[PDB]
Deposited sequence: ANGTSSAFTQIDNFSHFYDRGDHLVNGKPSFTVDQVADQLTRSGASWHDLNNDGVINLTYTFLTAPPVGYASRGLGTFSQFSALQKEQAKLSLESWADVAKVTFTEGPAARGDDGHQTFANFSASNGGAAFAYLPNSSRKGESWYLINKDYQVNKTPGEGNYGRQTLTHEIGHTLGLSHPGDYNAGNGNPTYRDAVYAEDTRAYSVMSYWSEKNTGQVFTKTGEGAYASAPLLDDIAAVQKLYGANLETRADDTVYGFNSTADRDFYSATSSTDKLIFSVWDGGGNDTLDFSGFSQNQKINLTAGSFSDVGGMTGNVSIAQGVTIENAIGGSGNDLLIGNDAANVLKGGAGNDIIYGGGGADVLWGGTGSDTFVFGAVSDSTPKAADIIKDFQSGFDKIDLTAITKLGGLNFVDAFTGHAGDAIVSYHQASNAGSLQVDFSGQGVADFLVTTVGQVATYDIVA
């Protein structure tokens, strides 16, 4: 008993729900359950000088360490200049989210020390690291030989960069999501894939995400939604990161390669961690149909891909700009600025007084409950175009319709449409409860007609 516009919003908002169903015999785990699974060894660095932060030093080894030859690791080599630069962006991506700092220098008052280097012999792997409770705590080692060259050219979005972020995650105390010729079949929970954690080994295709674009597949460079909860559980959240207004995506002001898009063919795979301010997800440069959800902990389908963008638990992102495609935009309980751009968009501000822009195209502004837009905290539709855009109240009315009148009559379902020509301001007031006063209000820039309302 709802329009198709509201059903699309509602289906998308629950599409990646977790924790309440099986997937092919595996239990779906919430983010908090994963945070405990990823930290189940109990190993972590300690705050030895009690200053409230894990302060670690690291060194790119230039010579084989003491005892290296008996390790069975083959030829030693130091990191190249490109491996160092990438390793520093990976370390920064972890320090952004949790209260751990990494400074290049000799083991000195440090809570711990890390080393990075290359080896040539394969022992079953591309790279390996030790947890912080081991006698080789802080070490991580990367394979480089004539048959495996991926670690020589790490770059944003490729597996060499992901491998760095992943091995640093182990040096911080994170384990693989499962105790692992293993495959996704050995996963313990359904979300053990690289759409939720960079610690997993399994392709995101197992959980349905589409990360491939123009024939090629990508890898998240930085910690993903579950990784952020796991490392924040060990060391605390870093609330100073990006604490002023920030833009992610196109026109990014985040200053991180994995949060920036500069063309419509870019493959973004990221989870947003942000410590404060009035922030915007800007995806205006894509022309594919996108589905954008501002709810904390949720996933969006951006740039022609699916399940590739998420917002970390605990973060409030306020604004979102869609692209030239027909998009879905879901706001959260704060006051949001939501812009559809070209295309026929469906926009749902949710709680709070939102500022809605449909852009060109026939857009639908969707209202799922009376508290979405009340006389004291009413949405405004800034570019309402009568005859083209629609205001949709069917989730509330269940298609019972409205009674349009000039003054409240005292019956539930009465509605008044007015227009103030000197300020070019329209409004829709509805008395859903029936006491002859408005319980619901939406305002617009531009006249609104009775036929622009779906109820």
*May I ask you to mark the stretches of the deposited sequence that the structure leaves without C-alpha coordinates?*
1-2, 111, 184-188
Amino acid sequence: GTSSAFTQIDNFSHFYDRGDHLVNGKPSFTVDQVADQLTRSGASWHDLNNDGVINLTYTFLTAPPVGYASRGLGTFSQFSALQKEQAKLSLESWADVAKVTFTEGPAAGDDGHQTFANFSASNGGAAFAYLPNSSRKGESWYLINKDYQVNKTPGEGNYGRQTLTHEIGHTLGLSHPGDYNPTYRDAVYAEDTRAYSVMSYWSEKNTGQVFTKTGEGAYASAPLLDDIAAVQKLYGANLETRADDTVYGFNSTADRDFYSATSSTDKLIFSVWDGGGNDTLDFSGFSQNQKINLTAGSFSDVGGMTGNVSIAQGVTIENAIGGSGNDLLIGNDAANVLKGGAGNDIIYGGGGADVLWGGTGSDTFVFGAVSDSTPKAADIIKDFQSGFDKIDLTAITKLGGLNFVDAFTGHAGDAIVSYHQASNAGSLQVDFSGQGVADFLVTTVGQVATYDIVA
From here on, numbers count along this sequence of modelled residues.
*When the C-alpha temperature factors are averaged for each of 220-228 and 129-137, which stretch ends up with the higher value in the entry?*
129-137
*Mind pulling up the entry and telling me whether 69-77 or 169-177 has the higher mean Cα temperature factor?*
69-77
*If you check the C-alpha B-factor for each of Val247, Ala342, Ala335, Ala377 in the entry, which is highest?*
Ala377
*Please pick out which of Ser310, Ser90, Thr212, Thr306 has the largest Cα B-factor as recorded in the entry.*
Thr212
*Chain-relative CA temperature factor third for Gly400*: highest
_B-factor third for the C-alpha atom of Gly387 within its chain_ = middle
_Chain third (lowest, middle, highest) by recorded CA B-factor, residue given as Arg185_ = highest
_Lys291 - Cα temperature factor, lowest/middle/highest third of chain_ = lowest
*Lowest, middle or highest third of the chain for the C-alpha temperature factor of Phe29?*
lowest
